[PDB]
Amino acid sequence: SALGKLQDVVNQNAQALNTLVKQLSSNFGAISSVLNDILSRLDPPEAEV
Amino acid sequence: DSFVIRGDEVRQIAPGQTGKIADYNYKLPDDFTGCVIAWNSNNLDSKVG
């Protein structure tokens, strides 16, 4: 643990990027998180919603 | 626009619908800023036989 602050900054940036990438797997109240699956399984109105 | 359909197919004449009369015969746009008017016409649009 010699380079503490630099390693902490790098780890924070990596965690932020990983969280921003993983945020695409949440439903946010929807039935799924796949746009193609939604468009193929729902009517135009519900798919738009 | 004026046309004659049956009772169970009036619900298809609306923005964001699907079926056989709303996808192959007459389709409304997504917004369709207007008003839909319909009424029964069995008095003169159905003869004996």
# chains A, B, ... in the order shown; residues from 1 in each chain; ligands from 1

call {"tool": "interface_residues", "arguments": {"of": "chain B", "to": "chain A", "cutoff": "9 Å", "atoms": "only C-alpha atoms", "output": "list in words"}}
result
residues 16, 17, 18 and 30 of chain B

call {"tool": "closest_residue", "arguments": {"among": "B:19, B:42, B:33, B:26", "to": "residue B:6", "atoms": "only C-alpha atoms"}}
result
B:42

call {"tool": "atom_distance", "arguments": {"atom1": "atom CA of residue B:13", "atom2": "atom CA of residue B:34"}}
result
12.2 Å

call {"tool": "select_by_dssp", "arguments": {"residues": "chain A", "states": "alpha helix (DSSP H)", "output": "PyMOL selection string"}}
result
chain A and resi 4-22+35-41+44-48

call {"tool": "atom_distance", "arguments": {"atom1": "atom CA of residue A:30", "atom2": "atom CA of residue B:14"}}
result
24.7 Å

call {"tool": "decode", "arguments": {"residues": "chain A", "atoms": "C-alpha atoms", "output": "short mmCIF file (atom, residue, chain, number, x, y, z; two decimals), in the first residue's frame"}}
result
data_model
loop_
_atom_site.label_atom_id
_atom_site.label_comp_id
_atom_site.auth_asym_id
_atom_site.auth_seq_id
_atom_site.Cartn_x
_atom_site.Cartn_y
_atom_site.Cartn_z
CA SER A 1 0.00 0.00 0.00
CA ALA A 2 2.63 2.53 -1.07
CA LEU A 3 0.61 4.37 -3.76
CA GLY A 4 -2.62 4.65 -1.80
CA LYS A 5 -4.36 7.73 -3.18
CA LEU A 6 -3.63 6.95 -6.84
CA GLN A 7 -4.83 3.35 -6.45
CA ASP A 8 -7.95 4.59 -4.66
CA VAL A 9 -8.71 7.03 -7.48
CA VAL A 10 -8.19 4.32 -10.11
CA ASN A 11 -10.45 1.92 -8.18
CA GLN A 12 -13.14 4.60 -7.82
CA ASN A 13 -13.06 5.29 -11.57
CA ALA A 14 -13.21 1.56 -12.34
CA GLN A 15 -16.15 1.06 -9.96
CA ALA A 16 -17.98 4.05 -11.47
CA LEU A 17 -17.50 2.66 -14.99
CA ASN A 18 -18.59 -0.83 -13.92
CA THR A 19 -21.70 0.57 -12.22
CA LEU A 20 -22.57 2.68 -15.27
CA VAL A 21 -22.24 -0.44 -17.43
CA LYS A 22 -24.28 -2.64 -15.07
CA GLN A 23 -27.07 -0.03 -14.87
CA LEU A 24 -28.23 -1.33 -18.28
CA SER A 25 -29.41 -4.60 -16.67
CA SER A 26 -32.06 -3.02 -14.41
CA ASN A 27 -35.76 -2.99 -15.21
CA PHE A 28 -36.58 0.36 -13.54
CA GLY A 29 -40.16 -0.90 -13.24
CA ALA A 30 -40.37 -2.60 -16.65
CA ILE A 31 -40.87 -6.28 -17.48
CA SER A 32 -37.28 -6.74 -18.71
CA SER A 33 -34.16 -4.81 -19.75
CA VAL A 34 -33.89 -5.89 -23.42
CA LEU A 35 -35.27 -3.45 -25.98
CA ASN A 36 -35.51 -6.14 -28.66
CA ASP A 37 -37.36 -8.50 -26.30
CA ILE A 38 -39.77 -5.72 -25.30
CA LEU A 39 -40.45 -4.76 -28.92
CA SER A 40 -40.98 -8.42 -29.86
CA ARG A 41 -43.20 -9.33 -26.90
CA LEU A 42 -45.34 -6.19 -26.49
CA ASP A 43 -47.72 -4.18 -28.65
CA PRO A 44 -46.54 -0.78 -29.95
CA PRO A 45 -48.17 1.24 -27.12
CA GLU A 46 -46.89 -0.84 -24.20
CA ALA A 47 -43.51 -1.19 -25.92
CA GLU A 48 -43.29 2.60 -26.23
CA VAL A 49 -44.25 2.98 -22.56
#
